[PDB]
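Read the structure below first, then the notes.
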Amino acid sequence: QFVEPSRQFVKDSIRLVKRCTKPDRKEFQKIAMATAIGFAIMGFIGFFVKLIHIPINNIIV
Amino acid sequence: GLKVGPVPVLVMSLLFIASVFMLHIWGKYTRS
Amino acid sequence: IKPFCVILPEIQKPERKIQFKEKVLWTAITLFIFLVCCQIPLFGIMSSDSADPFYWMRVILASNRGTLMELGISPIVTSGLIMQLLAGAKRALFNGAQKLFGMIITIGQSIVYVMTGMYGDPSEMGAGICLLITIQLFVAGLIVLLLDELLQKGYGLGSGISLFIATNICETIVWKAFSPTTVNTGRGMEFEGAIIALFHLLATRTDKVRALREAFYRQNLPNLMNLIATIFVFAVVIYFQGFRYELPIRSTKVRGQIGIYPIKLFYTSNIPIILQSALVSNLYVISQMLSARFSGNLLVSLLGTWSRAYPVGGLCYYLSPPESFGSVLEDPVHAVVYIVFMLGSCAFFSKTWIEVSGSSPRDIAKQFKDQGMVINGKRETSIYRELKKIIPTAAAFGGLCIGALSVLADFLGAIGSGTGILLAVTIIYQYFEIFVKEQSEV
C-alpha cells in the first residue's frame, strides 16, 4: 500500500511547484550577484589568509 | 556578571593569536 | 549551578540597532579572526603525520587539523544539543549554563583529541606540553563562543556556525581554483588550482590545444569541468532557493496590513543537509574507530569496510557517493541505494524538523491566530487547513529537492561536494535575506 501515498505525494509536489512563485530574470540576477559577492568575500579572504600563513607556518615550524 | 563588549572580545582574540605566535617564536629561538 | 553560570564573559546587548555596515564590519572581523586562527598551528604538536581520526567531520564543524581551530564549532553544537535535550527532559541563567557546559565539553573534547594518537604520543609529551595544548584549545573554544555570541546578540549578520561553515566551504572552492601549490609527477610542475593551471599550461605547452584538454578534463588535480559544474550547481541551487509560495495574508487586529507570507520550497533551508551530513560523518568516524581497533568483528565489518580511507563495503559504503561512473556500472545497487538514501533521508529530516523546531502547520496557525493574521481568500477557521495543505508538502519536497541537488553536485564532480555547495549557497542566501530585510525596513 505504498504506491498510493507516493502518487499523492507526487501530485501534491507537482501542484505546489506549479503554485510556487519562481524567480524571474531580475530576481535571479540579483540573487546571483549577491551570492557571487558573498562567495568572493569569504573565499578570497580565506584564500589570502591561507596564502599569507603558509610561509609563516613554514618559518615558525 | 562580567559584562564584556565587542571590542574587548576582538582585543582578546588578537592577543591570544599574538601570544600563540610568540610561543612559537620563543620555541624556535630557544631550540637554537 | 547559578554561581557557576555567572563566572563567564557574555556579550553586551547593543543599546541601539546596529546598522548593516557595522554588522558586516563585525561579521568580517569575526571571519578574519576565525580564518587566522584556523591557520595558526598549536604549540607543542610533536607530529601530524598520522591519519586524521575526524577528517569527515571537518566540513560540518568548520575544523582544521593541528591549528587553533581544531575543535571548530563543535563546542557550540554540543552545548546546543545538550541544552535542547535537557530542556525536552526538563532564560538568562539558561544561556549562561549553555556556555558553561559548552566550555566543559571544550576541556573534555581537548583531552579526547590529545589522546587519540594525533599530535604525537601523549606520554612522550609529558605534562607541560599536554596542559599547554589543552589551554590553547580551551582559549580557542572560548574565543569561538564569544564571537558566536557576539554575532547572535546582534553585532553581526548571522550565527557563527553558519558563517564559519560557509567560509570554510568557500575557501576550499577558491583554493581548488587559485592555489599556487604545484605538484610534479615527472611531467613537470602542474598548479593545483584549476585556473592557474590553465594559464600555466597555455603559456608553457607551446600554446597547444592539448593543453586545453589537460586543463579541462584533468583527473589528477582540480580541473575546469569541476569549476563549471560548481558554478552550474550554484545557479541551480540559487534558482530553487528563490522558489516560494506566497500566501496573501491580511490582519484583523490592526487593519490595513495586507502582506505576503512566503513559504519557501526549501522550508528547512539547510537543516536536511546539516543533519544528514552530521549523521554520515559521525557514522564514518565511528566506523573508522571500530575497524581500526576492533577489526574482524562481523558487526564492525558490516558497519564499514574502509580501504586516504574510502569505504568499499557495508552501510558506510552504501551511504557514500559513487567515486566513479565505473563503480555505478559495476555496482548499480550502490548508486540506487545512495540516491534513495539521499532523497529519503533529506525529506524525512525536513518533515521531522518542521515538526520539532516549531514550524509545523499547527504552530504556524497558532502564530497566525496570535497576530490575527488571516489568509486573504480563506476564513479565519480555514487557516490551519491551507497550512496543512502547503507546509508539509513544501518541507518534504524541499528536502527531496535539496537531496537531489546534492546528488547532482556529487555526480557532476563539483568542487565543494554536494553538501558543501548546498550549505554555502543556503548560508549566503540567509545573509542576502537579512540584507534585503534591512533594505525593506528603510
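The chains in the C-alpha cells are called A, B, ... from first to last as shown; in each chain the residues are counted from 1, and the ligands are counted from 1 in the order shown.
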As a PyMOL selection string, could you give me every residue of chain B near chain C (at most 6 Å apart, counting only C-alpha atoms)?
chain B and resi 1-5
How would the residues just chosen look if you wrote them out with N, CA, C and O atoms as a PDB file, in the first residue's frame?
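The result, stored in result.pdb:
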ATOM      1  N   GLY B   1      27.079  39.705  36.119  1.00  0.00           N
ATOM      2  CA  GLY B   1      28.359  39.063  35.880  1.00  0.00           C
ATOM      3  C   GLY B   1      29.317  39.928  35.085  1.00  0.00           C
ATOM      4  O   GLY B   1      29.033  41.095  34.815  1.00  0.00           O
ATOM      5  N   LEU B   2      30.457  39.352  34.709  1.00  0.00           N
ATOM      6  CA  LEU B   2      31.463  40.072  33.934  1.00  0.00           C
ATOM      7  C   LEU B   2      30.907  40.383  32.552  1.00  0.00           C
ATOM      8  O   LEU B   2      30.770  39.488  31.712  1.00  0.00           O
ATOM      9  N   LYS B   3      30.596  41.652  32.307  1.00  0.00           N
ATOM     10  CA  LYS B   3      29.977  42.087  31.063  1.00  0.00           C
ATOM     11  C   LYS B   3      31.061  42.632  30.142  1.00  0.00           C
ATOM     12  O   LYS B   3      31.744  43.601  30.488  1.00  0.00           O
ATOM     13  N   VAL B   4      31.217  42.014  28.975  1.00  0.00           N
ATOM     14  CA  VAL B   4      32.232  42.419  28.015  1.00  0.00           C
ATOM     15  C   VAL B   4      31.552  42.876  26.733  1.00  0.00           C
ATOM     16  O   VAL B   4      30.432  42.472  26.406  1.00  0.00           O
ATOM     17  N   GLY B   5      32.247  43.740  25.999  1.00  0.00           N
ATOM     18  CA  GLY B   5      31.743  44.262  24.754  1.00  0.00           C
ATOM     19  C   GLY B   5      32.439  43.651  23.557  1.00  0.00           C
ATOM     20  O   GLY B   5      33.309  42.786  23.690  1.00  0.00           O
TER      21      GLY B   5
END
Enumerate, as a list in words, the complete set of residues in chain B that a backbone-based DSSP assignment places in alpha helix (DSSP H).
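Those in chain B that DSSP calls alpha helix (DSSP H) are residues 6, 7, 8, 9, 10, 11, 12, 13, 14, 15, 16, 17, 18, 19, 20, 21, 22, 23, 24, 25, 26, 27, 28, 29 and 30 of chain B.
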Selected residues, C-alpha atoms, written as a PDB file, in the first residue's frame, please.
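See again29.pdb below for the written result:
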ATOM      1  CA  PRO B   6      32.687  43.520  21.150  1.00  0.00           C
ATOM      2  CA  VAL B   7      35.961  45.481  21.180  1.00  0.00           C
ATOM      3  CA  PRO B   8      37.225  43.679  24.330  1.00  0.00           C
ATOM      4  CA  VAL B   9      36.475  40.343  22.640  1.00  0.00           C
ATOM      5  CA  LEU B  10      38.316  41.409  19.481  1.00  0.00           C
ATOM      6  CA  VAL B  11      41.278  42.561  21.581  1.00  0.00           C
ATOM      7  CA  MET B  12      41.298  39.266  23.491  1.00  0.00           C
ATOM      8  CA  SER B  13      41.234  37.247  20.259  1.00  0.00           C
ATOM      9  CA  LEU B  14      44.076  39.275  18.747  1.00  0.00           C
ATOM     10  CA  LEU B  15      46.113  38.963  21.949  1.00  0.00           C
ATOM     11  CA  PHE B  16      45.590  35.193  22.064  1.00  0.00           C
ATOM     12  CA  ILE B  17      46.734  34.905  18.442  1.00  0.00           C
ATOM     13  CA  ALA B  18      49.765  37.045  19.258  1.00  0.00           C
ATOM     14  CA  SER B  19      50.550  35.037  22.396  1.00  0.00           C
ATOM     15  CA  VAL B  20      50.495  31.769  20.446  1.00  0.00           C
ATOM     16  CA  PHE B  21      52.715  33.412  17.827  1.00  0.00           C
ATOM     17  CA  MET B  22      55.228  34.421  20.464  1.00  0.00           C
ATOM     18  CA  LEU B  23      55.145  30.972  21.925  1.00  0.00           C
ATOM     19  CA  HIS B  24      56.103  29.598  18.510  1.00  0.00           C
ATOM     20  CA  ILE B  25      58.843  32.215  18.081  1.00  0.00           C
ATOM     21  CA  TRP B  26      60.207  31.602  21.582  1.00  0.00           C
ATOM     22  CA  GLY B  27      60.322  27.855  20.991  1.00  0.00           C
ATOM     23  CA  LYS B  28      62.030  28.276  17.627  1.00  0.00           C
ATOM     24  CA  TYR B  29      64.663  30.653  19.023  1.00  0.00           C
ATOM     25  CA  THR B  30      65.268  28.621  22.186  1.00  0.00           C
TER      26      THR B  30
END
I need the chain A residues near chain C as an MDAnalysis selection string; criterion: at most 9 Å, counting only C-alpha atoms.
chainID A and resid 9:10 12:13 16:17 19:23 27:28 31:32 34:35 38:47 49:51 53:54 56:57 61
Min atom-atom distance to residue 355 (chain C) from the set C:117, C:200, C:317, C:267, counting only C-alpha atoms, belongs to C:267
When you count only C-alpha atoms, which of these residues is closest to residue 404 (chain C): C:303, C:233, C:271, C:356?
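Selected residue with least distance to residue 404 (chain C): C:233.
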